[PDB]
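Chemist: My questions will all concern the structure given below.
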Amino acid sequence: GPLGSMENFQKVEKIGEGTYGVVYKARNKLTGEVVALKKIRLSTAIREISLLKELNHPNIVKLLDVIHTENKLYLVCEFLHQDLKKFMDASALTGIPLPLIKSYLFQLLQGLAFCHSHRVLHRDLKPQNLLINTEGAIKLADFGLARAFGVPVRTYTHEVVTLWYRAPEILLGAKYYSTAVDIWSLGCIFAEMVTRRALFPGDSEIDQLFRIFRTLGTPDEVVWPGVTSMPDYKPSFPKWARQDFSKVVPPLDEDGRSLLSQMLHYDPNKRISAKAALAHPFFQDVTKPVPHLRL
Ligand SMILES: CCC(=O)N1CCN(CC)c2cc(C(=O)OC)ccc21
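Set out below in structure tokens:
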């Protein structure tokens, strides 16, 4: 077993925790570089992860190296100074300005268009893993693997937001997710930036599914062909009627609501793609504003 390959890094503070890893702000004792370090205590993962080292995009957090040591895997990443979750909480009383919301949505759709073109899915987009900098950029981080691994961290306080961004086909037991799962997650994040409240804040898998049903209507073969034969579908689901989007995301203009409605189509095969969404009229006036960041 290897040793010593981490002596060059000085942990500065903890910045995140997940089911299978802990994330630190760290200073390379030699380089002087400040990085983010994910520590996973302990195959197909090595090839899948090392493939993420080549997916380089201005809207994807750069993965710098992958360091295997003493039955611990380290991921070394570029460091950003704030995540969208904290920025959204910092703006809860003022709201994020719409031109900045639009900029952020456009950039993340650019990021997803890139990954999806390379047949990479994120699988777990959440405000907490969208990272922002002072110059107005936002970046995707913490790509979810197809086969999770690593010893679960016993100190992991779970989070209320865990299921809030999960696409309905995942919740209904689809075995093979498509890139449409990421568009759903981003639509949920788009709505939350606009309204300052989570769109579908479910606290169990069935609560998550039912919160979606009460808002968009219980799906049937009319809007989602094949849904009634999905693994976890139950003919005994309650039958809620669809609400109108004017009530779900005020104060979003008609272009925004139109784009959002397409990001939240039940049928993954009808849900808009990242590339098509970039062409939506909502973005004809997109700009790149500066956020006001504290630290
Ligand atoms: C290499 C570490 C990594 O894989 N990830 C995904 C895990 N997290 C979330 C805590 C993360 C945060 C930051 C960051 O700059 O936070 C301010 C940078 C990278 C990562």
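Mapped onto PDB author numbering, the consecutive letters of the sequence shown carry residue numbers -4 to 37, 46 to 298. We treat Cβ as the ideally placed atom computed from N, Cα and C, and that holds for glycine.
For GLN85, list the residues DSSP reports as bridge partners.
Modeler: Note: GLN85 sits in a beta bridge opposite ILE135.
Chemist: Beta-carbon separation of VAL7 and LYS24 under 9 Å?
Modeler: Cβ distance not < 9 Å, so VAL7 and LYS24 don't count as in contact.
Chemist: In this structure, how does DSSP classify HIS295 when only helix, strand and coil are distinguished?
Modeler: Coil.
Chemist: Could you tell me how far apart the beta carbons of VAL30 and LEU134 are, in whole angstroms, since I believe they sit closer than 8 Å?
Modeler: Between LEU134 and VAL30 the Cβ distance is about 13 Å, and since that is not below 8 Å, they are no contact.
Chemist: Going by other Cβ atoms of all chains shown within 10 Å of its Cβ, with 16 needed for buried, is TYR179 buried or exposed?
Modeler: So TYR179 ends up on the exposed side.
Chemist: In angstroms with no decimal places, state the Cα-to-Cα distance between residue 38 and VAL197.
Modeler: Residue numbering in the chain breaks between 37 and 46, and residue 38 falls inside that break, so it has no position here.
Chemist: Is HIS283 near ligand 1 - that is, is its Cβ less than 8 Å away from at least one heavy atom of it?
Modeler: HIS283: no, Cβ never under 8 Å from ligand 1.
Chemist: May I ask which residues mark the beginning and end of the alpha helix (DSSP H) holding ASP145?
Modeler: It is not in any alpha helix (DSSP H) - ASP145 carries neither H nor E in the DSSP assignment.
Chemist: Can you find the residues in the same chain that come closer than 8 Å, C-beta to C-beta, to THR160, ignoring five residues on each side of it along the sequence?
Modeler: Contacts found: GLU12.
Chemist: Measure the C-alpha to C-alpha separation of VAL17 and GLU224 and round it to an integer number of angstroms.
Modeler: Cα-Cα distance, rounded: 42 Å.
Chemist: Please report the Cβ distance between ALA244 and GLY220, rounded to the nearest whole angstrom; I am assuming they are in contact, meaning their Cβ atoms lie under 8 Å.
Modeler: Indeed, because the Cβ distance is near 6 Å, the residues count as touching under 8 Å.
Chemist: Do you know how far the Cα of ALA149 is from the Cα of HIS71?
Modeler: Each residue's Cα considered, the two are about 20 Å apart.
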